[PDB]
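Have a look below at one chain only, the form deposited in one PDB entry, in structure tokens format.
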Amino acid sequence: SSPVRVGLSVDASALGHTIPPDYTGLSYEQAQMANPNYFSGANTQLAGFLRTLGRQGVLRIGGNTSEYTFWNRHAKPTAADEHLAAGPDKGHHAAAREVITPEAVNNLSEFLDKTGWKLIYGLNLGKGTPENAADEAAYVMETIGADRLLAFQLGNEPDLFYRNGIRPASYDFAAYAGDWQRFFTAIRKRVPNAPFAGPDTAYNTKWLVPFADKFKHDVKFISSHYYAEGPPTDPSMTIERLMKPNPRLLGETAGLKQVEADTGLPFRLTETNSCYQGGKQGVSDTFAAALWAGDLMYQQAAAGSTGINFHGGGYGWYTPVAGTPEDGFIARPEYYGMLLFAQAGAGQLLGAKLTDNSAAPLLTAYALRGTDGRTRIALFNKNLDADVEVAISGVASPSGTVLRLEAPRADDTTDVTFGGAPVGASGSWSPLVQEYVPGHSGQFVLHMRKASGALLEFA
């Protein structure tokens, strides 16, 4: 009904980046490692949610709580630890001290085996010692093994140590570089092959750029963070603003691309979500987050990112997966945007140009030549008030199907489906609605409701 009529032109000759198979990922608080039941081979529910997000992917463990977690080689989990549900750190005050045990690391290894995911593991540079980091790294490497361990990170958001009471106001990149080298040196004595990434901050000029320049021979990739919300001085983030382009993201991405050109280091977005402080109720925990997250995954893949890790845990407002081993796990709305990406699969991005779209400017579209040879198109109609009718040219196929990413309202906290079905227990998901996209004159026409997504697959 009264859609904006737009054109989408796919160009199979306009080659973009190849999405790596381990692009997807999640980030969790290191405090969660206090509970050996969470990242465990026994946590079949959570493992299933990860496998549905990707047969390959990366689990990053870090966050603010990584400055408050203290590995101890003799420790055993307490009764309290065995029930801990560590949600995103809200950033209001110091996290609780937690202990990480051998048992938790042993169980993490088995969780990585059950999921097939690789690991980015934070070490406690904020408050811990080099020697303990070396010992923790040694045990992780011993246990998890080089093939599954992608990187250690030496501190989380070190540019914010002072804001969070971890370093004095004078702490700057030069001070952090000294800490980093002390930790690096200690760890490499115990773990000569230890891989690193950093600086595990948002892009900025005073930390990330000089980090890359100084440590490019010592790290495997650059790790960056991104939250769509800006500083606390901004108007409170809304769904409307979450759907819009974020010029800061665009600039930071360009910055990362220049770092890669200068240093050779690829970049991964190792911690991201919509809003700070564990998210914003009525924004982060809504269907709009699915549109935002799915679109972000493709925007960053098209920009040459190696991958992404959406922060979460517990029942945090922005978590993709919520729950506990005792109570079970569920897919929150954001998960469904990641599910659309998962179902599209890997391949090479292609040119996909929108026209006649000024009245529906928040529609995005990405075309992909899948590794199976089939063309897919992921569309995010992020316009909150405009339906669209998309005239698709540049695809020659006898049959196109669509899987829709839907909820009845953008701010819904539930009622989210993909392919006509919710995700069930343990990540199980099957499409239940089959819809063909009408074809005529070598073109296709796709209707999309306001605030919806679609994944098209062409035979």
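Start at 1 and count along the sequence shown; that's the residue number. Here the rigid core means the biggest group of C-alpha atoms that line up within 1.5 Å when the two forms are laid on top of each other.
Not pictured, yet referred to below: the form deposited in another entry.
task: Would you indicate which listed residue, out of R73, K189, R97, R248, moves its Cα by 2 Å or more between this form and the one not shown relative to the superposed core?
output: It is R248; the other listed residues stay below 2 Å.
query: Any CA movement of 2 Å or more for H83 between this form and the one not shown, core superposed?
result: Comparing forms between this form and the one not shown, the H83 CA shifts below 2 Å.
- prompt: Any chance the CA of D234 moves 2 angstroms or more between this form and the one not shown, core superposed?
  reply: Comparing forms between this form and the one not shown, the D234 CA shifts at least 2 Å.
message: On a rigid core superposition, would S13 pass a 2 Å threshold for CA movement between this form and the one not shown?
response: Shift at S13: below 2 Å after core fit.
- prompt: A80 and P36: do their C-alpha atoms lie closer or farther in the other form than in the form you see, with a change of 3 Å or more?
  reply: So the answer is closer.
task: Looking in the other form, decide if the C-alpha atoms of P232 and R167 are closer or farther than in the form shown; they differ by 3 Å or more.
output: Farther: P232 and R167 separate by 3 Å or more in the other form.
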